[PDB]
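Step one of this worksheet: look at the structure below.
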């Protein structure tokens, strides 16, 4: 896997699903595709005045491609109003732009 070649290596996270005053907590695996893979070239366009944007560097990172399907119900205090929610987790992504 050329995923670890740059950033966002084989990383795993635990995010399931949250909705109306309730939340799910079923085991879920997701990758955190966030890193750097773009030029550090700064583009000066202050057209005289710089306030809006600033040459602090371009925003580049890994880009999620495909996600894994996760079907878990959100649990509420006391388990009385549980709900089902779908969640797509980038089980595979590439570091682009």
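Here Swiss-Prot sets the residue numbers for chain A, with the shown residues being 71-167 in order.
Structure determined by solution NMR.
Positions of Cβ are set from backbone N, Cα and C atoms, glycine also.
Now, the feature entries from Swiss-Prot:
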DISULFID  78-132  disulfide bond
DISULFID  92-146  disulfide bond
DISULFID  103-163  disulfide bond
DISULFID  107-165  disulfide bond
Counting across all protein chains present, how many other Cβ atoms fall within 10 Å of the Cβ of residue 165 (disulfide bond)?
22
Distance from residue 146 (disulfide bond) back to residue 107 (disulfide bond), taken between C-alpha atoms, in Å:
41
Excluding near sequence neighbours, so keeping only residues 6 or more apart in the same chain, what lies with its CB under 8 A of residue 163 (disulfide bond)?
73, 78, 101, 103, 132, 133, 134, 135, 136
Please report the DSSP secondary structure of residue 78 (disulfide bond), reduced to three states.
coil
Residue 146 (disulfide bond) has how many other Cβ neighbours within 10 Å of its own Cβ?
16
